[PDB]
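Just the one chain here, laid out as structure tokens, in the form deposited in one PDB entry.
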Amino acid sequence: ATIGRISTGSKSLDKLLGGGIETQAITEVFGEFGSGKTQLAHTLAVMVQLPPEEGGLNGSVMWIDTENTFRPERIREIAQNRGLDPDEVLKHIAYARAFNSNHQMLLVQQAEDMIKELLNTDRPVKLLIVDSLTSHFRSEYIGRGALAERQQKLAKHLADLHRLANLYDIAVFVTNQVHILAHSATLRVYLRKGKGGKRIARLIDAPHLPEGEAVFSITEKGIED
């Protein structure tokens, strides 16, 4: 099946990404606090709902938080400022907070049920966000010999996410806060602050990257150049 591509809101970042974030893939964005990760997640949750000539997939969204990150009013702001109905955009986002890493795993199973339900409607799920994907795994699996079990559990969780991406033609978008540990995303994007309030993105280990860095801002429209 053809790969779909969701615009980030930034033409610079879209170009770096080859047109947008891909369905049938896990894209990981990582960086320090304040680097733009959560703002990119909120923007994507709006952009994916647009028609394709506006960079979207006419898609619904599922969002798993590990920390308290999701802000429905920020969604409303981004939508309103892009010419959309803010409250209609909220109706196409399903949100859950993971209590711990085991609950996080169950939530992915439940996500599959909604994905199946919507698959052959005109607003199938096209974006699954997992914010701070490793945060519970890092707090729970700690101490001597914890590395092996933590990374094994993570690998399984990531395999479950890859399966949903590939089986249902969804973009999976995950964030993490700052090797040598394993990583299993399709594409890894490093974000950092730049001058003038900008953010800078770089692809990590993607030799089929035409080399470069993207520059973008965080505004009332979410992410833009």
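Here the rigid core means the biggest group of C-alpha atoms that line up within 1.5 Å when the two forms are laid on top of each other. In this text, residue numbers run from 1 along the sequence as written.
Of the other structures of this protein that model both sides of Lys11, every one gives it coordinates; not a third omit it. For the cut-off of one third of the other compared entries, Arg202 stays well clear, since all of them model it along with its flanks. Counting the unmodelled positions of the deposited sequence between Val178 and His179 gives a gap of 4 to 9 residues. Relative to its counterpart among 63-71 and 180-188, 180-188 has the higher mean temperature factor, C-alpha atoms as listed in the PDB entry. Set 50-58 against 153-161 and average the Cα temperature factors; 153-161 ends up higher. Reading the B-factor column for the CA atoms of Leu84, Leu128, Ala98, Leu119 in the entry, the top value corresponds to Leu84. The top Cα temperature factor in the record, among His103, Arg123, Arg76, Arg138, falls on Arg138. In this PDB entry, the Cα temperature factor of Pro210 sits in the top third of its chain's modelled residues, the highest group.
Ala201: CA B factor in the lowest third of modelled residues in this chain (values from the PDB entry). When the CA B factors of the chain's modelled residues are split into thirds, the value for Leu133 lands in the middle one.
Looking at the C-alpha B-factors along this chain, the one for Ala1 belongs to the highest third.
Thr27: CA B factor in the lowest third of modelled residues in this chain (values from the PDB entry).
Not on display, but discussed next: the form deposited in another entry.
Relative to the superposed core, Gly19 undergoes a C-alpha shift smaller than 2 Å between the shown form and the other one.
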